[PDB]
């Protein structure tokens, strides 16, 4: 199942819903303890983690440092130790069963900091900061290296990308993307890093490009049907799924699915309600 947690439509949301690509169904599961948008999702050891984000409510607006864990076998959330700082519009990635929290903002602060969570000790520790301040940063892991792609540094949107080596604890710039993108969906499919959609400061984007480590090169592939910023993305059974987002006018409920063998996108479902800034993962 494809799980989507949180998101934003007029205010931050609590929804946890899970899509079955065979059945077509959406399952309504336990609500997040706190409504959150701009968060990220990931899965370690079969548990689904919701990381960071921001609570936009009619009574307040607070960024979140929270880490929360959902168990599909109990349908229950339980909190985890929090990160050192709140991180709205975060990106995350998993290496060696550890969760890396990358970038994001806290108020006017635009993080370049990065921290690592270890589930078996419920502890966060800070690691080497990025070369760049990145909010709305896409994150993906390839061959146990951690890539941070695009984003917004507070003044400029970015097409640059950099790569973190866990065992040297350092970051190194890599080839930049063709397109400037903040709030894109970034994931690994087979052995290439995909960057889809986002916002360049002028338009929401439908273009998709992918990075090959062997040629250290970004190449465009088929674009999505719907331009969208702040979309969710994940990989299920060899295919990329992008969920919702914002196209400059509406918060989308469209879910598009990319097949790499045909290099084609199709709309496969609609979410129960349109939203942007979700966390998405598969377990």
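Residue numbers count along the first chain shown, from 1.
- Of the other entries compared for this protein that flank it with modelled residues, all give atoms for residue 41, so not even a third lack it.
- Coverage remark for residue 244: present in the model in all other entries compared whose chains are built on both sides, leaving no third without it.
- Just going by the entry, 164-172 versus 144-152 on mean CA temperature factor gives the higher value to 164-172.
- For the segment pair 206-214 and 100-108, the entry gives 206-214 the higher mean B-factor, averaged over Cα atoms.
- Per the deposited record, 60 carries the highest C-alpha B-factor of all listed residues (38, 232, 238, 60).
- Residues shown: 184, 90, 177, 80. Highest C-alpha temperature factor in the entry: 177.
- The deposited CA B-factor of residue 119 belongs to the middle third of values across its chain.
- Split the chain's modelled residues into thirds by C-alpha temperature factor. Residue 245 is in the lowest one.
- Among the modelled residues of the chain, residue 223 sits in the middle third by CA temperature factor in this PDB entry.
- Among all modelled residues in its chain, residue 15 ranks in the lowest third by Cα B-factor.
- Among the modelled residues of its chain, residue 262 has a C-alpha B-factor that falls in the highest third according to the deposited record.
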